[PDB]
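Residues per chain, in single letters:
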Amino acid sequence: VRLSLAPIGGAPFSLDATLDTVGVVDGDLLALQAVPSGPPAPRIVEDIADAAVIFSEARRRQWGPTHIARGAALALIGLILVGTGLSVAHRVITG
Amino acid sequence: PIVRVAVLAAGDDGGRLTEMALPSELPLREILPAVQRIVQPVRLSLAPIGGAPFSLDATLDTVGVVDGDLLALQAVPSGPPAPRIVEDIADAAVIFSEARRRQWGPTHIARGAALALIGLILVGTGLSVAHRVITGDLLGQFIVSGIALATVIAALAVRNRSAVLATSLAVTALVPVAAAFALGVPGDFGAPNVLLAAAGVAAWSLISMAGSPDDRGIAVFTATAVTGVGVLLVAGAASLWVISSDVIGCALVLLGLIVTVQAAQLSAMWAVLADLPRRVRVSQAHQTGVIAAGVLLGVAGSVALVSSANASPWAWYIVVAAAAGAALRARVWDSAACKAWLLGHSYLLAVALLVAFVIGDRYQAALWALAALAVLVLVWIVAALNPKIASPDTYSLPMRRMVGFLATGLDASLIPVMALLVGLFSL
Amino acid sequence: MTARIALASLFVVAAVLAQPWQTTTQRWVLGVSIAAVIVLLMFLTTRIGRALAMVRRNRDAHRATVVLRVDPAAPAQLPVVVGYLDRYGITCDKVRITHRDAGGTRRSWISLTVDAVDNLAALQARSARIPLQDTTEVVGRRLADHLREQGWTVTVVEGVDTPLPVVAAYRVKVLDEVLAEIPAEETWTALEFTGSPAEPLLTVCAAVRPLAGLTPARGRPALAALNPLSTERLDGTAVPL
């Protein structure tokens, strides 16, 4: 293994350079995690333009158990509404 | 114990999206200062897109971060809204009431006029036809055609001036139009008249679907068009060749399920990627309407087979089989309105039988028909309380499979039954 | 499949009513019915239409694909690539791994493709126009740098390779003895995962110039898109490993 120090969210330190050359000020947070056997991960950033549209899809969940409820009541309402009419339109002739 | 996540900070201009990997098992108050320097008088924090900000004390483990989710950089929730306070009850009515969007304005009048008009056309038509069907005098057909022609022009006259009234005025134009052609060579409400009308709306619709500059009114056109075309043929062949005591619907329910089972391809038949969003919905609108053509057809003759008395025990199973088939053919359809349409096929058909017997003076199957609705309503409710029988995930795989051979084992297994009712192979 | 069963049931009910199976008035059609049910029974008509379309063949921008070359590839770097099917809200359609074994060396490739209709929302945020290619490049660089993080040395590639020159198509039953088995002077093997890395699914095909459990493809389109650079879903039923 190879454990070493690292500022949070960055690649670990270079083992043979003092912390004072990388710029460690008194009061940082350093992590003892392994050493990259590869690249230092420059964390490529891409720009965003309309960040509102990302959330509007998060709220817009799928079919889900929500559209079931509208189908539930809108079914139940029509059931009653024909329920009375049937019985009294039964009576609009005889009873 | 590091985890790889991607944060999103968009407050300044557009937004900046980077990712990272971060040390779990800590109070987020420790790692917040770091991210604030990478991507960038208030306080900030981290939240999943679609949820509320995460506490500054919990860890990225106990707050449930999976390695690779997309967090956002939102603010600490709020403080108090600092309620106002006004003592004079007089101004307590003017102050606390502005937050309504109450102003009369010269746009509550725009919606005003059009809504008045659509009423004038509708009852303008219905009066004349009522002046034409319960009594007889053709002065209506003068007035029918008069208003029918007029609205025809107006939609074509504001195609590029309102962009919403236009598409609204088109859809209402087909009510008097279908009324007009239906009045040539009357009969007893006539045998071949229904041939003339199916030409009209299928004409009027197709002209306007392409005439729509955007969405919001496409699906209603598409569905009634195929519905007009569909009824035209099975009415035309019914006008000369076949007498078809009962087998008009045998053509319909056949044609019905045919349209429903073959639905994805038909939508494609109507077909820089910048204008992708405009193309994707129209595609969806096309599908959601086309399916309604199926159901409305599916019942269209089905309401006529079991309609009168003295029907067939094979006729009773000729409709029931179809219903279930369509009902179990929903699990393949993704959107919501797509599902509901076929799902409520039985519902729509249920009431049809009821009125049929009440208007047919039966008072026998009527009550049953009302008892055949509750059974369908009751299952809707228990589908809503617990997301268990509605969710096919807490099932078994052969159950998920058996429903398959169950599905295709019946929706098509009625064409042999179809040959019985008409007796196509009794000849 | 339903058209076949429905028409079969049709003819058979049509024939069973031939109690007067005589005078060749109801026996003739009886013969034609029992004859047709045979020809309707669905591995023969399929090659019929296949050969028709094949001889006819003798004359998008919703999908972009990024492909990675790593030399010392191994199944030790499998989870790192099955994870990238669904994360950062980008929902990669399918992830594909290909090896050429011509000679002794296995030339490796990762194949990543992203549609546009089921993650239209996210791409709509990067710009009003749809930056499909650039975005896919970004995820590809992310895989590159995470995989080099582990230690393997990777290379982005665009003139990737060819299993069909730009020739035997086989898709296997499902399991390991085979992929250790795979001959001739050239070997193209292609592994591909998809289907919700909560639990993924996969299909596998291989090409060289029936060994244990292979199966040919009569009717080639299946080879045309076996190269990683292809943007196609690798026809074949899926398996839960």
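Residues numbered from 1 in each chain as written, not as in the entry; some residues may be left out. Chains lettered and ligands numbered in written order. Part of a larger assembly, values for the part shown. Heavy atoms only, no water.

Header annotation of the entry names cryo-EM as the structure determination method and lists the resolution as 3.7 Å.

You'll find chain C entered in the PDB entry as ESX-3 secretion system protein EccE3, with Mycolicibacterium smegmatis MC2 155 given as the organism. The title given to this PDB entry is "Structure of ESX-3 complex". Quoted straight from UniProt, the Subunit entry for chain C says "Part of the ESX-3 / type VII secretion system (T7SS), which is composed of cytosolic and membrane components. The ESX-3 membrane complex is composed of EccB3, EccC3, EccD3 and EccE3." (UniProt positions renumbered as here; feature names shortened; annotations may be inferred.)

The name given to chain B in the PDB entry is ESX-3 secretion system protein EccD3, with the source organism recorded as Mycolicibacterium smegmatis MC2 155. The Function field of the UniProt record for chain B holds the comment "Part of the ESX-3 specialized secretion system, which is required for siderophore-mediated iron acquisition and for the secretion of EsxH and EsxG." Looking at chain B in UniProt, the text filed under Subunit is "Part of the ESX-3 / type VII secretion system (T7SS), which is composed of cytosolic and membrane components. The ESX-3 membrane complex is composed of EccB3, EccC3, EccD3 and EccE3."

(A) Quick look at the overall build of chain B. Scanning chain B for helices and strands turns up 16 helices and four strands. Among the 427 residues that make up chain B, the fraction classed as buried is 35%. With an accessible surface of roughly 24,200 Å², chain B has 69% of that area assigned to carbon and sulfur atoms. Taking the average place of the 24 positive charges on the side chains of chain B and the average place of its 23 negative ones, the gap between the two points comes to 5 Å. (Helix = DSSP H or I, 4+ residues; strand = E, 2+ residues; numbered from the N terminus. Buried < 20%, exposed > 50% of the residue type's maximum accessible area, 1.4 Å probe, protein only. Areas by Shrake-Rupley, 256 points an atom, 1.4 Å probe, with all protein chains shown as cover. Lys, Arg positive; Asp, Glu negative; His and termini not counted. Charge placed at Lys NZ, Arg CZ, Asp CG, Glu CD.)

(B) Region of interest: the overall build of chain C. Looking only at helices and strands, chain C has eight helices and seven strands in total. Relative to a compact globule of 241 residues, whose C-alpha radius of gyration would be 18 Å, chain C shows 24 Å and is clearly more extended. With the C-alpha coordinates of chain C rotated into their principal frame, the extents come out at 85 × 50 × 40 Å. Scored against the burial criterion, the 241 residues of chain C give a buried share of 39%. Carbon together with sulfur atoms contributes 62% to the accessible area of chain C, which is approximately 13,600 Å² in total. Distance from the positive charge centre (26 side chains) to the negative charge centre (22 side chains) of chain C: 9 Å. (Rg over C-alpha atoms; globule rule 2.2 N^0.38 Å.)

(C) Focus on helix α2 (residues 28-40) of chain C. All names here are of chain C. Here α2 is 13 residues long and its end C-alpha atoms lie 18 Å apart, about the 18 Å a rise of 1.5 Å per residue gives. Looking only at α2, the buried set comprises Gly 31, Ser 33 and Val 37. The arc that holds the buried residues of α2, viewed along the axis, is 165 degrees, so those residues lie on one side. Facing away from the buried side of α2 by more than 90 degrees, the exposed set consists of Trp 28, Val 32 and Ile 38. The inward-facing, buried residues of α2 contact α1 (2-16). (Expected span 1.5 Å × (residues − 1). Arc of directions from axis to C-beta. Contact = heavy atoms within 4.5 Å.)

(D) Quick peek at the environment of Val 156 of chain C. All names here are of chain C. Residue position: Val 156 is located in strand β4 (residues 154-157). Among the residues examined, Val 156 registers a relative accessible area of 52% and is labelled exposed. Put simply, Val 156 and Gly 140 are 16 residues apart on the chain and 7.8 Å apart in space, counted from C-alpha to C-alpha. When residues no more than four places from it in sequence are discounted, the contact partners of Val 156 are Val 67 and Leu 68.

(E) Spatial organisation of the sheet that holds strand β1 (residues 2-9) of chain B. Across the sheet, which stays open at both edges, the three strands sit in the order β3(A)-β2(B)-β1(B) with antiparallel pairing between neighbours. Since the sheet does not close on itself, it has two edges, and those belong to β3 (46-48) of chain A together with β1 of chain B, each with one partner. Across this sheet, the average inter-strand angle for adjacent strands is 35 degrees, counted without regard to direction. The sheet contact formed by β1 of chain B and strand β2 (residues 15-23) of chain B spans eight bridges and is antiparallel. When the sheet's bridge partners are listed, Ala 6 of chain B is paired in β2 of chain B with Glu 19 of chain B. (Pairing = 2+ DSSP bridges. Axes fitted to C-alpha atoms, helices over the stretch in contact; angles between N-to-C directions.)

(F) Molecular detail of the interface of chain A and chain B. Taken residue by residue, the interface counts 29 residues in chain A and 36 residues in chain B. Buried surface at the junction of chain A and chain B, summed over both partners, amounts to about 2,900 Å²; 75% is from carbon and sulfur atoms. Summed over the three residues of chain A that lose the most area to chain B, namely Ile 8, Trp 63 and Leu 86 of chain A, the buried surface amounts to 19% of that side. Between the two partners, chain A and chain B, sit four residue pairs in polar contact. Looking at the side of chain A that touches chain B, the elements with two or more residues in it are β3, α2 (52-59) and α3 (66-91) of chain A. Tallying contributions element by element places α3 of chain A first for the side of chain A that touches chain B, with nine residues. Looking at side-chain class alone, the side of chain A that touches chain B contains 19 nonpolar, six polar and four charged residues. (Buried area = accessible area lost by both parts, 1.4 Å probe. Polar contact = N/O pair within 3.5 Å; in protein donor to acceptor, adjacent residues only side chain to side chain. Nonpolar A, V, L, I, M, F, W, Y, C, P; charged D, E, K, R; others polar.)

(G) The arrangement of the interface of chain C and chain B in detail. Opposite the 17 residues of chain C that make contact, chain B presents 20 residues. Here chain C packs against chain B, burying approximately 1,900 Å² in sum over the two surfaces, 68% of which is carbon and sulfur. For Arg 142 of chain C, the salt bridge is made with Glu 19 of chain B, and the minimal N-O distance between the two is 2.2 Å. Remark: the boundary between chain C and chain B carries four residue pairs in polar contact. (Salt bridge = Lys/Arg side-chain N within 4 Å of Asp/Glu carboxyl O.)

(H) Structural detail: a nonpolar patch on the surface. Residues and elements named next belong to chain C. A cluster of nonpolar side chains, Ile 34, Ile 38, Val 39, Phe 43, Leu 44, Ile 48 and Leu 52, forms an exposed patch at the surface whose accessible area comes to about 710 Å². Elements that contribute at least two residues to the nonpolar patch include exactly α2 and α3 (45-56). Ranked by the residues each element gives to the nonpolar patch, the list is headed by α2, at three residues. Structurally, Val 39 can be placed in helix α2. Taking the relative accessible area as the measure of exposure, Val 39 reaches 48% and is therefore partly exposed. (Patch = residues over 30% accessible without salt bridge, like charges linked within 9 Å, V, L, I, M, F, W, Y side chains within 5 Å.)

(I) Fine view of the packing of helix α4 (residues 139-157) of chain B against helix α5 (residues 165-181) of chain B. All names here are of chain B. Close contact between α4 and α5 brings their axes to 8 Å; oriented N to C, the two are set at 155 degrees. Put simply, α4 runs roughly antiparallel to α5. α4 and α5 meet at a crossing whose hand is left-handed. Along its contact with α4, which presents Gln 141, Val 144, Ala 148, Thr 151, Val 152, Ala 154 and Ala 155, the element α5 presents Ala 166, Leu 169, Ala 170, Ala 173, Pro 176, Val 177, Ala 179 and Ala 180. Looking at side-chain class alone, the contact of α4 with α5 contains 13 nonpolar, two polar and no charged residues. (Parallel < 35°, antiparallel > 145°, perpendicular 65-115°, else oblique. Left-handed = near helix turned anticlockwise from the far one by under 90°.)

(J) Region of the structure containing the packing of α3 of chain A against helix α14 (residues 365-385) of chain B. At their nearest, the axes of α3 of chain A and α14 of chain B sit 9 Å apart, and the two run at 155 degrees to each other. When the interaxial angle is binned, α3 of chain A and α14 of chain B end up roughly antiparallel. Like other packed secondary-structure pairs, α3 of chain A and α14 of chain B cross with a definite hand, here left-handed. Along the contact surface, α3 of chain A presents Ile 68, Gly 71, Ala 72, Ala 75, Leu 79, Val 82 and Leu 86 of chain A, while α14 of chain B presents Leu 370, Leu 373, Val 377, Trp 380, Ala 383 and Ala 384 of chain B. Taken together, the residues of the contact of α3 of chain A with α14 of chain B break down into 12 nonpolar, one polar and no charged.

(K) Structural context of the nonpolar core. Core analysis: the biggest nonpolar cluster contains 28 residues, and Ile 48 of chain A, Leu 8 of chain B together with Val 95, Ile 110, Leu 112, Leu 143 and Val 154 of chain C have the highest contact counts within it. Every element with two or more residues in this core is listed here: α2 of chain A, β1 of chain B together with β1 (64-70), α4 (79-82), β2 (94-100), β3 (107-114) and α6 (132-150) of chain C. Not counting chain neighbours up to four residues away, the residues in contact with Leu 8 of chain B comprise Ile 48, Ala 51 and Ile 54 of chain A together with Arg 16, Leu 70, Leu 71, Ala 72 and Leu 73 of chain B. Among the nonpolar cores identified, the runner-up in size contains 19 residues, and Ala 9, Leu 32, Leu 46 and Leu 60 of chain B belong to it. (Core = buried A, V, L, I, M, F, W, Y, C linked by side-chain atoms within 4.5 Å.)

(L) Summary view of the packing of aromatic side chains. Scanning all chains against the criterion turns up one aromatic pair over all chains. Judged by centre distance (6.3 Å) and plane angle (70 degrees), the ring pair of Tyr 84 of chain C and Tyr 88 of chain C falls under edge-to-face. Lying across the ring of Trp 63 of chain A, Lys 339 of chain B places its NZ or CZ 5.3 Å from the centre. A cation over an aromatic ring shows up here: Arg 142 of chain C above the ring of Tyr 88 of chain C, its NZ or CZ 5.4 Å from the ring centre. (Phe/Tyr/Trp six-rings, centres within 6.5 Å; stacked < 30°, edge-to-face > 60°. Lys NZ or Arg CZ within 6 Å of the ring centre and 35° of its normal.)

(M) Molecular detail of the sheet that holds strand β6 (residues 187-194) of chain C. All names here are of chain C. Read across the sheet, seven strands follow the order β4-β1-β3-β2-β6-β7-β5 without closing on themselves; strand pairing throughout is antiparallel. Across the chains shown, the open sheet's two edge strands, defined by having one partner strand only, are β4 and β5 (168-171). Mean inter-strand twist for the sheet, computed between neighbouring axes without regard to direction, equals 20 degrees. Bridging between β2 and β6 involves seven bridges; their strand directions are antiparallel. Bridge pairing in β6 links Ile 97 to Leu 191. α6 rests against β1, β3 and β4 of the sheet, and its axis sits at about 20 degrees to β1.

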